[PDB]
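Colleague: Got a structure for you, questions after.
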Amino acid sequence: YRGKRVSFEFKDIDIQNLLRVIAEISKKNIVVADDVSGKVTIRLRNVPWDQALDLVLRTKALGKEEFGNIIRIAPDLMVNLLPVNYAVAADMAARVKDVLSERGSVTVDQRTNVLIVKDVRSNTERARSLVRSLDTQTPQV
Amino acid sequence: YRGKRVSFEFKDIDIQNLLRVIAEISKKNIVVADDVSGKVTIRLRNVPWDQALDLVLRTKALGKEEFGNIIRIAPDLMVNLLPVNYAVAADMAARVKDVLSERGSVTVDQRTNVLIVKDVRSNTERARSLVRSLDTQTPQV
Amino acid sequence: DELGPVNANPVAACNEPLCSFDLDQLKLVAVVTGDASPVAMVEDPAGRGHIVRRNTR
Amino acid sequence: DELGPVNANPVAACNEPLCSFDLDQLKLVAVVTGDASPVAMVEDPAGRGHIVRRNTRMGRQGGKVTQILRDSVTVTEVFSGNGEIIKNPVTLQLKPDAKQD
């Protein structure tokens, strides 16, 4: 769960293809089962892959299990990184969980106090507006 | 989920026609199933299409799934963009959800803090009056 | 001997349709515009919808 | 005597597929990039997805992958220009709405 930064753009492609593509970029050797799912659409910018993966799982796709050398996977939206300069990322977690409800979309907390969201643009926009708005009362030091 | 801006005027037309028309404008290659629904009426101004689409779905019409190159769709009112200059769009969400109730109509939050409404003119008018009224206490800085 | 070869070739295509009907019979329903170029939507005297664009007939 | 030896040899491989189809028939779906090097994803006229990267090939003209952007993919193809075999430096864009004859 650490990698080079990437931009994932997938317009109506088999998750098996996204997976292989992700193995062809040295993001492990990835192998699915045979019939995992189908086709998905995502479009990410500035996301390390191992995350864009965790995030792909949550879209439609699978869960991942690693053997070590190989990993087995079994059965636009966009991603944007939000810097949080002023507040701690965990203090947002209550409010951010509360927008999601039983929706799709997710939020991932990276160690360097940045939030990452996959979702529809409309749920991304909401999550950014709240994260920045709460960040903004934290900049008045 | 990003496109050129458009005005959708559909007076009693098959959603399959609106779809094809929407593919003939390079808004993907769109293909339905065979018997999706029927005929609908909408009239939009200044709406990017990929939104006027999400909005068309909610009217009567379908949900969309994208393969990537092609998209499959399976089984006046107007649209107006509200700028929100002063407030955040998400703060309106509680009040705007509360007018809708179990009605038709919807609200979409774009990333650039603009609200977009499809509905009957009478529900659009209500939503605009509330969005502008709450925007107006926010301009007195 | 011709029915027992149970054979049908269904209709789903254009009939080549609007070039068989006169222009003043056709009514403009709507127009679509976006990155895929502008396209008109028009109604037959038979009540079909069509989609046509600049350079088409 | 041939069926009773109940024997099937299933299809799961590449057919060697895209070298049997022409390059202007193929549509760019997506691109992946990370530590494992950049890789393009492309769609057949038969609706299959493929994954190809710099130094690999696709298409009947043997279109060699030479660049990979986020929006587009430059390849070097093999055309018979007036009787000479020459290089054709095509760039396959991503798939939006589009039409040609």
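Numbering starts fresh at 1 for the residues of each chain in the structure tokens, the chains themselves are lettered A, B, ... in the order given, and ligands are numbered from 1 as they appear.
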Near range 66-76 of chain D, counting only C-alpha atoms, which residues have an atom at most 9 Å away, once you skip same-chain residues fewer than 2 positions from it, shown as a ChimeraX atom specification?
Modeller: /A:7-9 /D:28,30-33,38-40,53-57,61-64,78,87-95
Colleague: With 7 Å as the cut-off and only C-alpha atoms counted, what is the closest atom pair between each nearby residue of chain B and chain D? Distances in Å to one decimal, ordered by chain and number, as a tab-separated table.
Modeller:
```
residue	atom	partner	partner_atom	distance
B:23	CA	D:97	CA	5.9
B:24	CA	D:97	CA	6.7
B:25	CA	D:97	CA	6.3
B:26	CA	D:97	CA	2.5
B:27	CA	D:97	CA	4.7
B:28	CA	D:97	CA	4.0
B:29	CA	D:97	CA	5.4
B:68	CA	D:29	CA	5.7
B:69	CA	D:95	CA	5.2
```
Colleague: Got time to write the residues from that selection, C-alpha atoms, as a compact mmCIF listing (two decimals), in the first residue's frame?
Modeller:
```
# COMPACT_ATOMS: atom_id res chain seq x y z
CA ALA B 23 -24.68 10.52 -29.29
CA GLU B 24 -24.68 12.58 -32.61
CA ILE B 25 -23.35 15.54 -30.59
CA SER B 26 -20.16 13.37 -29.45
CA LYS B 27 -21.62 12.86 -26.02
CA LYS B 28 -20.28 9.32 -26.23
CA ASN B 29 -21.80 6.77 -28.49
CA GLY B 68 -16.24 3.20 -22.19
CA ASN B 69 -16.54 3.93 -25.92
```
Colleague: Please run DSSP on the backbone and report, as an NGL selection string, all residues within range 1-136 of chain A that come out as alpha helix (DSSP H).
Modeller: :A and (15-24 or 49-59 or 89-100 or 121-136)
Colleague: Would you work out the distance separating CA of residue 39 in chain B from CA of residue 61 in chain B, expressed in Å to one decimal?
Modeller: 8.9 Å
Colleague: Determine, for each residue of chain C having at least one atom at most 10 Å from an atom of chain B, the closest pair of atoms and their separation in Å to one decimal, counting only C-alpha atoms; order by chain and ascending number, as a Markdown table.
Modeller:
```
| residue | atom | partner | partner_atom | distance |
| --- | --- | --- | --- | --- |
| C:12 | CA | B:34 | CA | 9.9 |
| C:28 | CA | B:11 | CA | 8.7 |
| C:29 | CA | B:11 | CA | 5.1 |
| C:30 | CA | B:10 | CA | 4.4 |
| C:31 | CA | B:9 | CA | 5.7 |
| C:32 | CA | B:8 | CA | 5.5 |
| C:33 | CA | B:6 | CA | 5.3 |
| C:34 | CA | B:25 | CA | 5.2 |
| C:35 | CA | B:25 | CA | 5.3 |
| C:36 | CA | B:25 | CA | 2.4 |
| C:37 | CA | B:25 | CA | 4.3 |
| C:38 | CA | B:25 | CA | 6.0 |
| C:39 | CA | B:21 | CA | 6.1 |
| C:40 | CA | B:21 | CA | 7.7 |
| C:41 | CA | B:17 | CA | 7.6 |
| C:42 | CA | B:13 | CA | 8.8 |
| C:43 | CA | B:13 | CA | 8.4 |
| C:47 | CA | B:13 | CA | 9.8 |
| C:48 | CA | B:14 | CA | 8.8 |
| C:49 | CA | B:13 | CA | 6.5 |
| C:50 | CA | B:17 | CA | 6.7 |
| C:51 | CA | B:21 | CA | 6.1 |
| C:52 | CA | B:21 | CA | 8.2 |
| C:53 | CA | B:24 | CA | 8.3 |
```
Colleague: Go ahead and save the picked residues with N, CA, C and O atoms, as a CSV table (one decimal), in the first residue's frame.
Modeller:
```
chain,number,residue,atom,x,y,z
C,12,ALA,N,-37.0,-3.5,-38.0
C,12,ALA,CA,-36.4,-2.5,-37.0
C,12,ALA,C,-35.7,-1.3,-37.6
C,12,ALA,O,-35.4,-0.3,-36.9
C,28,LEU,N,-40.9,20.1,-36.4
C,28,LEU,CA,-39.7,20.1,-35.5
C,28,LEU,C,-40.2,19.9,-34.0
C,28,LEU,O,-40.8,20.8,-33.4
C,29,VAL,N,-39.7,18.8,-33.4
C,29,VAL,CA,-40.0,18.5,-32.0
C,29,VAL,C,-39.1,19.2,-31.0
C,29,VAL,O,-39.6,19.7,-30.0
C,30,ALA,N,-37.8,19.2,-31.3
C,30,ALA,CA,-36.7,19.6,-30.4
C,30,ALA,C,-35.4,19.8,-31.2
C,30,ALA,O,-35.3,19.3,-32.3
C,31,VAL,N,-34.4,20.3,-30.5
C,31,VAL,CA,-33.0,20.4,-31.0
C,31,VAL,C,-32.1,20.0,-29.8
C,31,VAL,O,-32.3,20.5,-28.7
C,32,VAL,N,-31.0,19.3,-30.1
C,32,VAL,CA,-29.9,18.9,-29.2
C,32,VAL,C,-28.7,19.6,-29.7
C,32,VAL,O,-28.4,19.8,-30.9
C,33,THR,N,-27.8,20.1,-28.8
C,33,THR,CA,-26.5,20.7,-29.1
C,33,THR,C,-25.5,20.4,-28.0
C,33,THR,O,-25.9,20.5,-26.8
C,34,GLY,N,-24.3,20.0,-28.4
C,34,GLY,CA,-23.2,19.7,-27.6
C,34,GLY,C,-22.0,19.4,-28.4
C,34,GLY,O,-22.0,19.6,-29.7
C,35,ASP,N,-20.9,18.9,-27.8
C,35,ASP,CA,-19.6,18.7,-28.5
C,35,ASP,C,-19.7,17.8,-29.7
C,35,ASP,O,-19.0,18.0,-30.7
C,36,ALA,N,-20.6,16.8,-29.7
C,36,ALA,CA,-21.0,16.0,-30.9
C,36,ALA,C,-21.6,16.6,-32.1
C,36,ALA,O,-22.1,16.0,-33.0
C,37,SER,N,-21.6,18.0,-32.2
C,37,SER,CA,-22.3,18.9,-33.1
C,37,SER,C,-23.8,19.0,-32.9
C,37,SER,O,-24.4,18.1,-32.4
C,38,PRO,N,-24.4,20.1,-33.3
C,38,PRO,CA,-25.9,20.3,-33.2
C,38,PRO,C,-26.6,19.3,-34.1
C,38,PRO,O,-26.3,19.1,-35.3
C,39,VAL,N,-27.8,18.8,-33.6
C,39,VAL,CA,-28.7,17.9,-34.2
C,39,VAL,C,-30.2,18.3,-34.0
C,39,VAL,O,-30.5,18.6,-32.8
C,40,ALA,N,-31.0,18.3,-35.0
C,40,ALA,CA,-32.4,18.5,-35.0
C,40,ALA,C,-33.2,17.2,-34.7
C,40,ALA,O,-32.8,16.2,-35.3
C,41,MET,N,-34.3,17.3,-34.1
C,41,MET,CA,-35.3,16.2,-33.9
C,41,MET,C,-36.7,16.6,-34.5
C,41,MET,O,-37.2,17.6,-34.2
C,42,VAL,N,-37.2,15.8,-35.4
C,42,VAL,CA,-38.3,16.0,-36.3
C,42,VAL,C,-39.3,14.9,-36.3
C,42,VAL,O,-38.9,13.7,-36.2
C,43,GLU,N,-40.6,15.2,-36.4
C,43,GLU,CA,-41.8,14.2,-36.3
C,43,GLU,C,-42.4,14.0,-37.7
C,43,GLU,O,-42.6,15.0,-38.4
C,47,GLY,N,-46.1,10.0,-37.0
C,47,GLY,CA,-45.8,10.2,-35.6
C,47,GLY,C,-44.5,9.6,-35.1
C,47,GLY,O,-44.2,9.6,-33.9
C,48,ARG,N,-43.6,9.1,-36.1
C,48,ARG,CA,-42.3,8.7,-35.7
C,48,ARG,C,-41.4,10.0,-35.4
C,48,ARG,O,-41.5,11.0,-36.1
C,49,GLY,N,-40.5,9.9,-34.4
C,49,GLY,CA,-39.4,10.8,-34.3
C,49,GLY,C,-38.1,10.4,-35.1
C,49,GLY,O,-37.7,9.2,-35.1
C,50,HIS,N,-37.4,11.4,-35.6
C,50,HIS,CA,-36.1,11.2,-36.3
C,50,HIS,C,-35.1,12.2,-35.8
C,50,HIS,O,-35.5,13.3,-35.2
C,51,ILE,N,-33.8,12.0,-36.0
C,51,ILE,CA,-32.7,12.9,-35.7
C,51,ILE,C,-31.9,13.1,-36.9
C,51,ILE,O,-31.4,12.1,-37.6
C,52,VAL,N,-31.6,14.3,-37.3
C,52,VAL,CA,-30.9,14.8,-38.5
C,52,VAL,C,-30.1,16.0,-38.2
C,52,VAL,O,-30.4,16.7,-37.2
C,53,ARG,N,-29.0,16.2,-38.9
C,53,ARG,CA,-28.0,17.2,-38.6
C,53,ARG,C,-27.4,17.8,-39.9
C,53,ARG,O,-27.5,17.2,-40.9
```
Colleague: How far is it from CA of residue 59 in chain D to CA of residue 79 in chain D, in Å with one decimal?
Modeller: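 Separation of CA of residue 59 in chain D and CA of residue 79 in chain D: 11.6 Å.
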Colleague: Could you list, as a ChimeraX atom specification, every residue of chain B that has an atom within 7 Å of an atom of chain A, counting only C-alpha atoms?
Modeller: /B:1,66-69,88,90,108-111
Colleague: Taking C-alpha atoms for each residue, export the selection above as a short mmCIF file (atom, residue, chain, number, x, y, z; two decimals), in the first residue's frame.
Modeller:
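Writing the result to selection08.cif gives the following:
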```cif
data_model
loop_
_atom_site.label_atom_id
_atom_site.label_comp_id
_atom_site.auth_asym_id
_atom_site.auth_seq_id
_atom_site.Cartn_x
_atom_site.Cartn_y
_atom_site.Cartn_z
CA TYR B 1 -19.25 13.53 -16.44
CA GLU B 66 -20.82 3.00 -19.66
CA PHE B 67 -18.65 0.34 -21.33
CA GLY B 68 -16.24 3.20 -22.19
CA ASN B 69 -16.54 3.93 -25.92
CA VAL B 88 -21.38 27.09 -0.07
CA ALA B 90 -23.86 22.11 0.49
CA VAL B 108 -27.44 18.76 -8.69
CA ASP B 109 -24.38 20.33 -7.10
CA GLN B 110 -21.60 21.16 -9.57
CA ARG B 111 -17.99 21.50 -8.35
#
```
Colleague: Quick check, in Å to one decimal: how far apart do CA of residue 25 in chain D and CA of residue 70 in chain B lie?
Modeller: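 Those two atoms sit 13.9 Å apart.
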Colleague: Which residues are near residue 18 in chain C? Cut-off 9 Å, only C-alpha atoms, ignore same chain within fewer than 6 positions. Put them as a list in words.
Modeller: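 In the requested form, the answer reads residues 26, 44, 50 and 57 of chain C.
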Colleague: So that I have them on file, write out the residues from the current selection with N, CA and C atoms, as a short mmCIF file (atom, residue, chain, number, x, y, z; two decimals), in the first residue's frame.
Modeller:
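And here is the file that came out, again_7.cif:
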```
data_model
loop_
_atom_site.label_atom_id
_atom_site.label_comp_id
_atom_site.auth_asym_id
_atom_site.auth_seq_id
_atom_site.Cartn_x
_atom_site.Cartn_y
_atom_site.Cartn_z
N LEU C 26 -43.62 17.34 -42.08
CA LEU C 26 -42.71 17.09 -40.97
C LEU C 26 -42.69 18.26 -39.96
N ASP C 44 -42.73 12.78 -38.03
CA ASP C 44 -43.37 12.33 -39.27
C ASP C 44 -44.88 12.66 -39.19
N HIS C 50 -37.41 11.36 -35.62
CA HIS C 50 -36.13 11.22 -36.33
C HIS C 50 -35.11 12.21 -35.77
N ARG C 57 -30.04 14.77 -44.92
CA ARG C 57 -31.27 15.04 -45.67
C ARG C 57 -32.50 14.45 -44.98
#
```
